[PDB]
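1. PDB entry and its sequence, pasted below:
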Amino acid sequence: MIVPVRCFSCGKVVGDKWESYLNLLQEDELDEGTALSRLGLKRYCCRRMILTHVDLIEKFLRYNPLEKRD
Amino acid sequence: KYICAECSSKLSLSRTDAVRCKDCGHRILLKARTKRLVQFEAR
Amino acid sequence: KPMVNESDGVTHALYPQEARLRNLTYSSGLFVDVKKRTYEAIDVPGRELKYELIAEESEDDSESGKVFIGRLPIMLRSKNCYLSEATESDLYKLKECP
């Protein structure tokens, strides 16, 4: 499920930063805290938004709405 | 109109035709969404 | 392996998607060999009956010897089921949840 566009608490916008955040994690091999602070996420609620996100859109995408089995 | 379930082939079926796909021969057929978008008000 | 015969008499392997959507029953068929023997004896009063082999029907040399006996349900992912050896792409194209 694609990243929330806005922060549920302070109204800020975090939706656009997900793509750039993923870059710092393996291209620059940085840790999670410094990467989170590199993008201006300073309140811990924005860090909560980005840090604990389960990206489920890459699993539905390998799939079709037609013929799942059980 | 309808659509196949494996290859999603575009098919048209009458009220008497067999419910099958012509190319793959499967027995599972799906509808097609209303082509003309219809506006609504939620009440 | 599990399979289904439609009303038209055509036979095709049954997969869990079709069983789920079409309200079928995931099951397979059981085949058992059967052999028959007939013995005949002369019923002489006061004497023990001595039967002798005369006729023995055994079709082990032909595919007609397998008597169909019934259908047995199959539990998912067991040895017989098709899902046992499916890889991730196999599960996706058949549309399983990994």
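-> That came through, no problem. Residues are numbered from 1 along each chain as shown, chains lettered A, B, ... in the order given.
2. tell me the SS of the closest residue to chain C within chain A?
-> The minimum distance from chain A to chain C, using C-beta to the nearest C-beta, falls at residue A:69 (3.8 Å). All C-beta spots, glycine's among them, are computed from the backbone N, C-alpha and C. Look at residue A:69: counting by DSSP: H, G, I helix; E, B strand; the rest coil, its state is coil.
3. hang on, isn't residue A:21 packed against residue A:49?
-> No: with contact defined as C-beta atoms under 8 Å, residue A:21 does not reach residue A:49; the gap is 10.8 Å.
4. who's more crowded, those two?
-> The residue with more neighbours, out of residue A:21 and residue A:49, is residue A:49; 24 against 20, by other C-beta atoms under 10 Å in any protein chain shown.
5. state which helix of chain A is the longest.
-> Longest helix in chain A by number of residues (criterion: DSSP state H): helix A:17-26.
6. same for it, what does it pack against?
-> Counting contacts by 3 or more C-beta pairs under 8 Å, 6 or more residues apart in numbering or on different chains; DSSP states H and E, helix A:17-26 is packed against helix A:32-38, helix A:44-51.
7. now that helix against helix A:44-51, angle please.
-> 70 degrees (axes from the mean of the first three to the mean of the last three C-alpha atoms, to 10 degrees).
8. buried ones in helix A:17-26?
-> A:17-18, A:21, A:24 (16 or more other C-beta atoms under 10 Å in any protein chain shown).
9. mind picking the two most distant members of the residues you listed?
-> Farthest apart among the buried residues of helix A:17-26 by C-beta to C-beta are A:18 and A:24. That separation is 11.4 Å.
10. which residues sit against the host helix or strand of residue C:72?
-> Counting by DSSP states H and E, the element that carries residue C:72 is strand C:66-73. Applying C-beta atoms under 8 Å, 6 or more residues apart in numbering or on different chains, the contact partners of strand C:66-73 are C:25-34.
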